[PDB]
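this one's sequence-less:
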């Protein structure tokens, strides 16, 4: 219960090609900036702005229900 | 970092037995509060208050 939290302090400016993306999560509400971290198929974690349309579109398309 | 960074929003109030500690790092300077993260032998990450004496004592010995 004392695990640290992941926060984003900068955001990628490039659109990560959709075919390279596996997973995402939203950073902790307590972080000082909003953040969506995408995890690629190779295992890299990339901070992105939740307010970018491509971010929102990827998240929509990744819905599993 | 374009990858995310670790921050601590809560600290433990109690000392981790020194023999269960394997490693440590400091959270990112951009974090709102400064944190020392200890890595235990079980592989756990534990947020601690850098102003706690036992934390400073462990950090020095490491």
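All right, it came through fine. Numbers count the residues shown, from 1 in each chain, chains lettered A, B, ... in the order given.

residue numbers of chain A in contact with chain B?
Within chain A, the positions near chain B by CB under 8 Å from any CB of the partner chain are A:1-10, A:12, A:27-28, A:30-32, A:35, A:37, A:44-47. Quick note: C-beta positions are derived from backbone N, CA and C, even for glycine.

just the buried ones among those residues, please.
For those, a burial check counting by 16 or more other CB atoms under 10 Å in any protein chain shown picks out A:2, A:4-9, A:27, A:31, A:35, A:37, A:45-47.

which of the residues you listed fall in strands?
A:5-7, A:37, A:45-47 (DSSP state E).

could you identify the most distant pair in these?
A:5 and A:46 (17.3 Å; CB to CB).

what's the closest of the ones in strands among the buried ones among the residues of chain A next to chain B to residue A:17?
For these, the nearest to residue A:17 is residue A:46 (11.7 Å; CB to CB).

how far away is the closest one from residue A:13?
11 Å (CB to CB, to the nearest Å).

next: residue A:20.
Taking CB to CB, one finds residue A:20 at 16 Å from residue A:13.

the helices in chain A, which residues?
With helices called from DSSP state H, chain A shows them at A:53-61.

in it, which residue is most central in space?
By CA atoms, centre = their mean, chain A has its centre lying nearest to residue A:37, at 2.2 Å.

for it, what are its contacts?
Residue A:37 is in contact with A:6, A:8, A:24-27, A:45-48, B:3-4, counting by CB atoms under 8 Å, 6 or more residues apart in numbering or on different chains.
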